[PDB]
Amino acid sequence: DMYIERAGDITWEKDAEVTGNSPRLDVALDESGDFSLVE
Amino acid sequence: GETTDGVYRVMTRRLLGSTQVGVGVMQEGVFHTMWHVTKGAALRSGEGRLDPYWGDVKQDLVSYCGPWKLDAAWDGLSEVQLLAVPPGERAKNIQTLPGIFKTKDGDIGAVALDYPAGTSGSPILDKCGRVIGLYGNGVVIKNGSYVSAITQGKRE
Ligand SMILES: CN(C)C(=O)COc1cccc(F)c1
């Protein structure tokens, strides 16, 4: 039995930590909603 | 139950103790999450029940109480924020420049940020605070790092 609990507002925050790269990938999406890498 | 707009944890008591299985967005009286988080089950909000209204396993999305309301899209140029809600931890904004998933049916933005599975459903936002998609359906690349699609529904 699942339940929900509030965690915060949805707002852009100035001075948020900036990280993560921006890869360009060839992918395939199957009928089950799973993504896979195409090489 | 609680119908205030915002980001929410999705919890279960079926496993050991109380476990966070995902995250979602309450907007315009509709709860939005990824299909793999709830599997389409009903949800509780205090003494209230939220019933599924729309869902699609291939898009990996589900809405409760009404139709999918989130229609903003990544502009393809600008940095975005993941409003990450990890299990047991405070909501935290992370700014990043998305990468791209290229498919046979078009290109989608993607966010290369590493969080536990129970963070699925956390929203990705533009500079106006609009939700451009949900984090948590993606792939593992040639180093072990996680890359999530920016998954967005269609507002009918
Ligand atoms: C090795 N790492 C960081 C991962 O692959 C984390 O996996 C995840 C992350 C978020 C949602 C999810 F559904 C799974």
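Basis for what follows: all heavy atoms, side chains included, without hydrogens, waters or symmetry-related copies. Every number for a ligand or one of its atoms is a count from 1 in the order of the listing. Chain identifiers are assigned alphabetically (A, B, ...) following the order of the sequence lines, protein sequences preceding nucleic acid strands; residue numbering begins at 1 within each chain.
Note: the hydrophobic cluster containing B:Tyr8 also contains B:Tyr53 (ILVMFWY, side chain heavy atoms under 4.5 Å, direct or indirect links).
Contact residues of ligand 1 (protein heavy atom closer than 4.0 angstrom to a ligand atom; sorted by chain and number): B:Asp114, B:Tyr115, B:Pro116, B:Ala117, B:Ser120, B:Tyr135, B:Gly136, B:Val140, B:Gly144, B:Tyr146.
Remark: B:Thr151 OG1 to A:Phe35 CZ distance equals 5.5 Å, nearest 0.5 Å.
Electrostatic pairing of B:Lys69 and B:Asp71 does not count as a salt bridge here, judged by no charged N lying under 4.0 Å from a carboxylate O. A salt bridge does not link A:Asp1 with B:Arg13: none of the charged nitrogens is closer than 4.0 Å to a carboxylate oxygen. A salt bridge is defined here as a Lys NZ or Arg NE, NH1 or NH2 lying under 4.0 Å from an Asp or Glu carboxylate O, and B:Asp105 with B:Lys102 fails to meet this definition.
Ring orientation note: the planes of B:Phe31 and B:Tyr64 are tilted relative to one another, at an angle of 30° to 60°.
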